[PDB]
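Engineer: Sequence plus experimental coordinates follow:
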Amino acid sequence: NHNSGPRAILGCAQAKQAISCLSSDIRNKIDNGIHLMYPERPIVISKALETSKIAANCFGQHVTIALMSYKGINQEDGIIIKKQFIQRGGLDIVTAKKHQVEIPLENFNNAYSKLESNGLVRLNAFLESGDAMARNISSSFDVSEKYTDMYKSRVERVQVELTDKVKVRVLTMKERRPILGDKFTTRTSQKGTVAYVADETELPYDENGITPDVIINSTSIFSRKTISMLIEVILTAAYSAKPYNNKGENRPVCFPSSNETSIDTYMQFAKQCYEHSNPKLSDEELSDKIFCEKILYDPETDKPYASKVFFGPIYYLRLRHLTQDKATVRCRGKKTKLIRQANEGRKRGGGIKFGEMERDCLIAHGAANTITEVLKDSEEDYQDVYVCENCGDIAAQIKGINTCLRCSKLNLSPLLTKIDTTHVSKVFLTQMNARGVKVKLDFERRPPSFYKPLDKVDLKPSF
Amino acid sequence: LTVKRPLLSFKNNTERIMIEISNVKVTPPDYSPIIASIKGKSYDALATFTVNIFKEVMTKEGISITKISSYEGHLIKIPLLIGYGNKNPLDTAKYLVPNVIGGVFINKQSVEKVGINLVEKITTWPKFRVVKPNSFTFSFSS
Amino acid sequence: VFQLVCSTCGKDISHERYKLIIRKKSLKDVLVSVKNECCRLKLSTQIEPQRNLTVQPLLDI
Amino acid sequence: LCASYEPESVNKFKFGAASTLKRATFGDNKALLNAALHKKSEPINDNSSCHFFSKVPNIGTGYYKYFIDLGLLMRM
Amino acid sequence: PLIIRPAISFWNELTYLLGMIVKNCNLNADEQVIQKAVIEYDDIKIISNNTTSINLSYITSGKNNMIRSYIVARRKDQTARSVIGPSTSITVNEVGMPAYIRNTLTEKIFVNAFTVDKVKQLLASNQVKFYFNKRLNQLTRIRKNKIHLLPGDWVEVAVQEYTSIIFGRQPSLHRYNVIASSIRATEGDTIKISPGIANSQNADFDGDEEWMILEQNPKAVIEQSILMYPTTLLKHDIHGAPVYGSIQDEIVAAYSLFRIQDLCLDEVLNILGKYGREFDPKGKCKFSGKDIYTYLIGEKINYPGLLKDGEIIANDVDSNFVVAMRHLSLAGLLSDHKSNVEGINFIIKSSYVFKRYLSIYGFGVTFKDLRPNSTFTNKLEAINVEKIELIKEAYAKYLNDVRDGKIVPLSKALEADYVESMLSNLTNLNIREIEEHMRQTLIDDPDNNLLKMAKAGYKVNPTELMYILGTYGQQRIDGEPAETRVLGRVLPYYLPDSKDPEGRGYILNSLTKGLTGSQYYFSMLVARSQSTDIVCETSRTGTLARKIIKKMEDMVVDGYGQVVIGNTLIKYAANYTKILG
Amino acid sequence: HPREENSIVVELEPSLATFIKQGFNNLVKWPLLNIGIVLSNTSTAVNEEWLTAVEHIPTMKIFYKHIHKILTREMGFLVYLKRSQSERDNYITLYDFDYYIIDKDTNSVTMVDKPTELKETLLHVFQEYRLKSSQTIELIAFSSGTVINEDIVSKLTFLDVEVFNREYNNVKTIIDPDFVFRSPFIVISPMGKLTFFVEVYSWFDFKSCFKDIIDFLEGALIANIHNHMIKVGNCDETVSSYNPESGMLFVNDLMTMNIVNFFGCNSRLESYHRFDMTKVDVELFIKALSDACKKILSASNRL
DNA sequence: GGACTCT
DNA sequence: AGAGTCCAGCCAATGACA
RNA sequence: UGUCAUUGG
Ligand SMILES: [Mg+2]
Ligand SMILES: [Zn+2]
Ligand SMILES: [Zn+2]
């Protein structure tokens, strides 16, 4: 209720995509999942998050964030992240994939470098993108489905069922550290991807020698009116000053989803926490500790910046949209059988569809040869195709002679013209012929033209 | 599943063939859901029943119950809901796994299936409609 | 499995992990010797995940 | 929309001379059937008809025809 | 023929339909069964109303027909797709390519008299991946064989730097989405674009993906190098404003760089960086940011309201000066003076100097800039809870004068208009209070970063600060408040037939105080209504966009400066000037 | 306390403190245990959690007596953990590890001494003890830069060579070829206030180890100052250069920046500055560096 | 659900 | 005046299922 | 080879 509505809709959409402690049977269930590695319970919570045990099955980590501009790299929701933070297991996840192949028993008992003498993949082996998980050879001509991911994955579990058909279920695992392009968010729908992995020696630091794990830009916090993120950082820092109650027990800070306590009560709570920690402070230092403002120093010149920076800890979430899950490239590959253009899928190694709006953009650029070479079939797939000028269909080569069968049955002998069109064009024309529409093409026998010299023309004005 | 209703009736409704299903018993599977997920089985309860068809003619003080066909019993496999702590409603004695909340069904291919709630089509208030102007419709259901 | 260092600053927090989780002291008596707020949040918020035992063998035919 | 004697919408081709492949690319399922009924013979000058036959469109650099003068090569 | 019905392989429909035709082709057979077989082979919707039958009409049925899917659009080789990220070592004329793309994608080197030594050298060092023999017309993948290199053949090697890739973002709404710039080798698995092109492609770095295609045909290479280069596309083709420029942080960096004063020569040269090589200190020892801007522009041009002999005679440099697609862009004036190369050089050099200003001085907005204490927000809370009770008592006095009968009642439209005017007056009072607070804060604390990015012209105005610190206003659905349901009310938190304007959707609280339950209902009603409306309108806008594009796409400028389509003259002079727009 | 956080604060010249801080962060590299091999894992954690946590063991508390030979890369180290579930003390501390030093002069792998305060640490807590099923973990982690070949596998007499060769061939494609390292402690210097944020342990003297680190740093910094030369003539913008025809120094180095900022210039990275290069006295900068290192050791002696 | 056409 | 007919953005990614 | 479910810009 302290942010705007669309940010709450986006936050409810992104909370279900945050990586958590997904299952207790992480090493047992052969199933797809992403698991958080060094989980931390949230502390600035509601009671409904405690009683549903979502807080116990932790969905993020507490990191140190700075709300500043880091050399203009933080622009358009890009975040700066620390390399030493990532190396120490910071927001580290594990992706577990399930592979299931169904082999004939004669194919199983009959690219295989990771297979053992059992015909199955070796435990704790890392599968590369051309590796088969079990032996499948059909009469040689092996037809085994192969590993097709961009990254390697360690074989965690193999479960084999012998029946009329061999069923092999392999659970593989991979530790994914934050790389460039990995999506992250807060509990306030402040999301973005990794723009730069900075070393800890090129990051700004405070008087205590603490560099932030994440640098978020500060303009998007106040343009999107996400006011509760600042209160969450203030309350997280006030917990880190005093994490216990007067009995000594770990108590969380109740900041509900729809909060009715004022900000001044939270400021008074933070003041009491910071006054319990250090029993006397100057009131400038106390107001800098409550509002989480800090003087940060340029790591290159060891000089402070102009103004104080919003600097503090927050519960930060990793999202399930990784760069290597979306990364696609194709040089050459399979073609579909009917139209003889590239195939579709990412597991199949297909092409990116140059759609119709991209065709509009290349028409609007004035690049006619570019859009011609894009939309036509490849130069490697060229063959001499002849068409009949009378009836319109493709000529045939009987034993070396280009003939038209329809016109040689009709006692004609018409012209045959070589055409360079796409295969889908010929399939479309043949299917329209099958519907009954005869399509007949006419060709330009242009009169031979001659270049003649022209007079001098000067378009400069006369003053 | 407990049914006792007349199927057909002849000769001025004094002869009738009644179906009769009884002895309905539901038993849980003999494993945990994690063994069903690993091995490949499906976490299904097994229900069995005895179904009897017989013709029943009423005399003045006699009831001629002549057994036509009978069938005593596994009959139906029902998907079993994994509950809180991997505890189904049928296993009355089982150790609570201290983290699982359940609420899913294990498929025949070890696939976890989860369900949403759905708004009914039958309305508890009647429905008003304007077909054409000065023509109205009031549709209700029972 | 716990991280032995703080993931923000890199300071050793192993002894406080033993003093908090195994000896079962309070957070006050453990965090009397921890000064950075990141390490205090690591010692106050990090848990080990509740996990069941691994079903063996890992290769089952 | 007012290039003919009457305002014409963006959904149909009523007065403007559009080819059969232009109407079929625009979306008209009976375009080639109506062209076959009326025995239409249309020149290939539009983008939708140039992309069908793998021709360079008459847009931009493709607006002009390009020749080569083999006189200076044959002279030496 | 079988070419329209090949053998389907996965582990034909038309062949089965022809078999059901030939199963009735007998002498003792009716014409009705043969007619039905012919019809359901050709077009099932003549006699039925079912779809998903693969008949002949399936190639001309709707959006997924053959021409729209496989002729004007296709899936291509030499393509890639990846998440994007920003880069400061990449100008607007360049693009960063990840290592997996340039390790997979190949470029063509043709065999001729010029490149036969390079091709022989690359074949001797096993750097050649493919070889195409044009005379035998066959491609060979090189995994030693015999290859004779004739002119017309080509080889394909790994793609090198400064090769033009055609990359773009989807949806391609306009031609600045799909451009062709030079490949640079970068790190990671992300396609690193410059932020200066980001507003041209409607792109954020929050998970957007972009695609690449490599078209290594020599005519296409020349057209990519000239026509689709981002220097060629600098000015917008309708309103002439620059397509590239600065974004969020560089706006406030530009503002604060113009406002800076009394710098040393070393501080000026630190801000300038690698562009401090030809900086001339004339006889000065203390400099200002206006001298930095005079050096950055580098031309003695005049413009009414902006420039005079190169100096900026405007009071402040705001977002109209440096952001893309603005009417007061300095890069637009510098490219109106000489050429698009000068405007693109000003954009690159300006972005470098603004990011160096951000590196030296920094920019951050804290919570203390927004709400330093409780004084102003408590004052506006007391003002709002006084004035809305005044409104409620005036409306209740009118209602009781109607109810006892001393006056005749108004119409419901006029009554709603009167209450609408009173609540709009309260909203304008909140706006004026926020504006006076902004004035008093910038004369008390003149280095407030929130008011700095408000004065620079980026996304902060008195209305957003009223939403945070003042009031949230009246929530409108379909132009009016929320309509009354059952019992003459919206929520059961109000009495039946309640005349409370706060129960019809007027929110008194703000984001600092926090909305209550009913206020959160009306805010969520507006938010979910906007989400539903944009989801319902996206497909309709796409359909109309495709219709207009297909209608207008054949209209070009002819060789005499006239606008024609087909053989019809639309305009006698293109753009009324026979000059580019 | 077994571990106490302490701070060493030396007030210096600002550019000298920045030079010492950047030379520390560039030169003093303590290697990490990134080369990790799991030999048998029947515990409830996956191999990647084990290897990421064992990668950052604070090994300067154990291998302190060889700090200089570890800092000059003439000596590596090794940890080995074989630990199963138990009835009582059902957890893994750092005392359960076996710590070995690896003299690269001989490939000599010999066991170092283990402090008894490492029993008061925690890495893992096992689940509920069952003697029915096994819950054990075995792993070996080498320091970064160690080349694993048959010369060093011939010395691993405390484990199974077959299992190690098989699991190393399994994991070999994933280990980072780059030298992965750690700075020993936080070194900052805000406005010339050079600060070391150190951790002092009860079982060894921190002053001897700190003196070894500072002596290594002083030697490496003086060698880098002596082998530092600034290009003359014209300039392309990749290295720091000096144009005498304009009298302009192009700073694109950190050492050049700190050296000319010692002599009254206000430079930044990649910037041109009107600076006369006859003012740069290399011997005065080296003498200020030596006096600063003596001041640092004097400040650490009063810890 | 909604616009154009034939009836 | 009322039914038939065709139309409903682009580009993705996983998994299950026939 | 196509449907269904979920998700992204
Ligand atoms: Mg985006
Ligand atoms: Zn013919
Ligand atoms: Zn820490």
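Structural biologist: Cool, got the structure. Numbers count the residues shown, from 1 in each chain, chains lettered A, B, ... in the order given. Ligands and ions are numbered 1, 2, ... in the order given.
Engineer: ok, how many other residues are close to residue E:164?
Structural biologist: Per other CB atoms under 10 Å in any protein chain shown, the neighbour tally for residue E:164 reads 23. To be clear about C-beta, it is placed using only N, CA and C from the backbone, and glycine gets the same treatment.
Engineer: Isn't it up against residue E:225?
Structural biologist: Yes - counting by CB atoms under 8 Å, residue E:164 does reach residue E:225; the two are 5.8 Å apart.
Engineer: shared neighbours, those two?
Structural biologist: Common neighbours of residue E:164 and residue E:225, using CB atoms under 8 Å, 6 or more residues apart in numbering or on different chains, are residue E:180.
Engineer: Leaving out sequence neighbours, find the closest residue to residue E:349.
Structural biologist: Excluding its sequence neighbours, the residue lying closest to residue E:349 (CB to CB, 6 or more residues apart in numbering or on different chains) is residue E:275, at 5.6 Å.
Engineer: who touches residue 108 in this structure?
Structural biologist: Going with chain A. Residue A:108 makes contact with A:119, A:134, A:135, A:136, A:166 under the criterion CB under 8 Å, 6+ apart.
Engineer: Chain E, not that one
Structural biologist: For residue E:108, the contacting residues are E:154, E:155, E:156, E:216, E:217, taking CB under 8 Å, 6+ apart as the criterion.
Engineer: just checking, the last one touches residue A:373?
Structural biologist: Spelled out, it's residue E:217. Yes - using CB under 8 Å, residue E:217 and residue A:373 qualify as a contacting pair, with a distance of 4.4 Å.
Engineer: quick one, which of these two is more surrounded?
Structural biologist: With other CB under 10 Å as the criterion, residue E:217 and residue A:373 differ in neighbour count, and residue A:373 comes out ahead with 21 against 17.
Engineer: Figure out the helix or strand that the more buried one lives in.
Structural biologist: For residue A:373, the element it lies in under DSSP states H and E is helix A:368-375.
Engineer: just so I have it, where are all the helices in chain C?
Structural biologist: Assigned helices in chain C, in chain order: C:14-17, C:27-30, C:37-45 (criterion: DSSP state H).
Engineer: In a strand, residue E:197, correct?
Structural biologist: No - secondary structure assignment places residue E:197 outside any strand; it is helix (DSSP: H, G, I helix; E, B strand; the rest coil).
Engineer: now the helices for chain A?
Structural biologist: Assignment of helices within chain A using DSSP H yields the ranges A:5-15, A:47-51, A:83-87, A:105-108, A:219-223, A:228-241, A:263-277, A:283-290, A:323-326, A:356-364, A:368-375, A:405-409, A:423-435.
Engineer: Flag every buried residue along stretch E:550-560.
Structural biologist: Of the residues in stretch E:550-560, those buried under the neighbour-count criterion (16 or more other CB atoms under 10 Å in any protein chain shown) are E:550, E:551, E:553, E:554, E:556, E:557.
Engineer: Which residue comes closest to the third one once chain neighbours are left out?
Structural biologist: Okay, so that is residue E:553. Nearest residue to residue E:553 in three dimensions, chain neighbours excluded: residue D:47, at 5.8 Å (CB to CB, 6+ apart).
Engineer: residues contacting residue E:151?
Structural biologist: E:111, E:112, E:113.
Engineer: cool, and residue A:202?
Structural biologist: Remark: with contacts taken as CB under 8 Å, 6+ apart, residue A:202 is in contact with A:299, A:300.
Engineer: Can you give me the separation between it and residue A:298?
Structural biologist: Going from residue A:202 to residue A:298 by CB to CB, to the nearest Å gives 10 Å.
Engineer: For the helix or strand residue F:292 falls within, what is the distance to the chain centroid?
Structural biologist: Secondary-structure element containing residue F:292, defined by DSSP H and E: helix F:282-301. Distance of helix F:282-301 from its chain centroid, counting by CA atoms, centre = their mean, to the nearest Å, is 22 Å.
Engineer: which strands and helices sit next to that helix?
Structural biologist: Here helix F:282-301 touches strand F:3-11, helix F:14-27, strand F:193-201, helix F:206-226, helix F:254-262, going by 3 or more CB pairs under 8 Å, 6 or more residues apart in numbering or on different chains; DSSP states H and E.
Engineer: and of those, who's closest to chain D?
Structural biologist: When the helices and strands packed on helix F:282-301 are ranked by distance to chain D, counting by CB to the nearest CB, first place goes to helix F:254-262 at 50.9 Å.
Engineer: got a list of contacts for the closest one?
Structural biologist: Under the criterion CB under 8 Å, 6+ apart, residues A:300, F:13-16, F:18-19, F:22, F:224-225, F:228, F:230, F:240, F:249, F:251, F:267-269, F:273, F:275, F:280, F:282, F:285, F:288 lie in contact with helix F:254-262.
Engineer: How about the secondary structure of the residue lying closest to residue E:253 once chain neighbours are set aside?
Structural biologist: The shortest distance from residue E:253 to any non-neighbouring residue, by CB to CB, 6+ apart, is to residue E:354 (4.0 Å). Assigned by three-state DSSP, the conformation of residue E:354 is helix.
Engineer: With that, I have no additional questions.
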